[PDB]
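Chemist: Sharing a structure, written as structure tokens. Questions coming.
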Amino acid sequence: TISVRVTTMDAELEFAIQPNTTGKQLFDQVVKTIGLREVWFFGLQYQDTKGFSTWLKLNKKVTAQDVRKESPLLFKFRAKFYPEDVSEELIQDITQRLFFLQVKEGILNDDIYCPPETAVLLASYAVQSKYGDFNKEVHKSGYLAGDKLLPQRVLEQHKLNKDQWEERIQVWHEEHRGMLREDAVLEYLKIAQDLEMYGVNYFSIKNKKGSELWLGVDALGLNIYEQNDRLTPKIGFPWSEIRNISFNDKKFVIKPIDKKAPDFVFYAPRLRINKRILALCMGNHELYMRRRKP
């Protein structure tokens with residue numbers, strides 16, 4: 004058999020399979036263990052040979068696939084597409100604890116811009132759960148010192164020593180008393196889910212006349228951002244307004260809907276991106292559909 008191990012935002016699964024197993028299968032084996040049951044989001048990431056992080060092929064032999072040769076084998080379990088409205092699409096005490104971690108962890112890296120004011124309300128919630136209600140007896144001083152709760156960026160924008168900040172969080176955690184470590188989260192997401200960068204895979208891209216910038220692919224449609232205004236986009240195209248897309252080596256072709264509107268194409272210097280940009284553009288759009296017409 005094979006010596007494998009599945010990794011989650013919080014959980015560490017281990018496994019074994021004969022040299023046959025495929026993605027799909029494999030996939031399912033974990034999603035089975037973790038009682039998850041809303042899987043049309045998550046997927047499997049792994050370290051290949053070349054040196055990148057990639058998404059397993061459910062429909063192919065993992066062997067066929069070029070996993071970083073070693074042992075045990077190591078795989079990440081990450082939600083691939085995010086939901087348009089968490090509140091109404093997410094349902095398991097687990098599915099949610101599953102995004103939350105991915106999301107949060109991500110913010111704690113400024114991988115998602117987040118303004119100070121709103122930076123706290125989150126952490127105010129990001130703790131509401133971890134410690135449930137506060138305790139002057141349990142949560143004495145230092146209690147939040149062995150934790151991370153704010154994006155370094157925010158820290159350095161204010162002349163507050165670690166505790167000044169902590170001192171300031173305490174206060175809002177207090178206010179969360181009476182909250183079940185469950186809605187603490189939702190409320191946390193319902194908060195985060197509106198940040199600008201939320202659930203948006205990014206890609207750098209080129210036009211006709213050389214200019215460089217960002218492609219916005221996310222469970223809604225697409226967005227083209229200037230080199231710096233990644234927050235607010237400058238052009239957009241929703242999954243309803245696009246009939247087709249694909250690439251030819253380095254070209255990205257997206258067909259609008261009618262016949263009078265030109266043909267949408269841009270330029271990625273790397274292919275794998277296009278291979279992903281597609282993969283992503285698909286799923287997203289596709290997901291977009293069964294939603295509004297099941």
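Quick note: the sequence shown uses the deposited numbering, first residue 4, plus one each step.
Cβ coordinates follow ideal geometry from the N, Cα and C atoms, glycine included.
Where do the ends of the alpha helix (DSSP H) carrying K165 lie?
Modeler: Its alpha helix (DSSP H) spans residues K165 to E177.
Chemist: Go through the region 175-238 residue by residue and report every complete run of the alpha helix (DSSP H) that reaches 4 residues or more, in order.
Modeler: You should have 186-195.
Chemist: Which residue comes first and which comes last in the beta strand (DSSP E) that contains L59?
Modeler: It is not in any beta strand (DSSP E) - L59 carries neither H nor E in the DSSP assignment.
Chemist: Keeping to the same chain, check which residues put their C-beta closer than 6 Å to that of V157; ignore five residues upstream and five downstream.
Modeler: Excluding residues within five positions, the ones whose Cβ falls inside 6 Å are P119 and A122.
Chemist: When the Cα atoms are used, what is the spatial distance from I5 to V70?
Modeler: Going from the Cα of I5 to the Cα of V70 covers about 13 Å.
Chemist: What first and last residue would you give for the beta strand (DSSP E) that runs through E17?
Modeler: First-last of the beta strand (DSSP E) with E17: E15 to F18.
Chemist: For the beta strand (DSSP E) holding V7, just list the boundary residues, first then last.
Modeler: Where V7 is concerned, the enclosing beta strand (DSSP E) stretches over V7 to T10.
Chemist: What residues match up with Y134 in a beta bridge as DSSP calls it?
Modeler: DSSP, once it has assigned bridges, lists no residue as partnering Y134.
Chemist: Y270: which of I280, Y116, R171 and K253 sits nearest, CA to CA?
Modeler: When only C-alpha atoms are compared, the closest one is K253.
Chemist: Give, in chain order, every unbroken run of the alpha helix (DSSP H) that is at least 4 residues long and sits entirely within the region 101-148.
Modeler: Within the region 101-148, the complete alpha helix (DSSP H) runs of at least 4 residues are 119-131.
Chemist: Taking the C-alpha atoms as reference points, what is the distance between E87 and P241?
Modeler: Whole-angstrom Cα-Cα distance: 13 Å.
Chemist: Is the separation between the beta-carbon of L152 and that of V174 shorter than 9 Å?
Modeler: Going by C-beta atoms, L152 is not nearer than 9 Å to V174.
Chemist: Is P297 close to the ligand ADP? I mean its beta-carbon at under 8 Å from any heavy atom of the ligand.
Modeler: In the structure shown, the ligand ADP is absent, as is every other ligand, since no ligand is present at all.
Chemist: Assess contact between the region 197-209 and the region 168-185, defined as three or more Cβ pairs (one per stretch) separated by less than 8 Å. Is contact present?
Modeler: In short, these stretches do not touch, since the Cβ pair count stays below three.
Chemist: In terms of alpha-carbon separation, which member of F250, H288 and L218 lies closest to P236?
Modeler: Cα-wise, what sits closest to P236 is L218.
Chemist: Got a sec, what are the start and stop residues for the alpha helix (DSSP H) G26 sits in?
Modeler: Run containing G26: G26 to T36, per the alpha helix (DSSP H) assignment.
Chemist: How big is the Cα-Cα spacing for residue 3 and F84?
Modeler: Residue 3 lies beyond the range of the chain shown here (4 to 297); nothing can be said about it.
Chemist: Return the Cβ separation of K64 and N23 in integer angstroms, given the expectation that the two are a contact with Cβ distance under 8 Å.
Modeler: The pair is a contact, with the Cβ atoms about 7 Å apart (cut-off 8 Å).
Chemist: Counting Cβ pairs, one atom from each stretch, are 3 or more of them under 8 Å apart for the region 187-203 and the region 164-174?
Modeler: Segments in contact, no.
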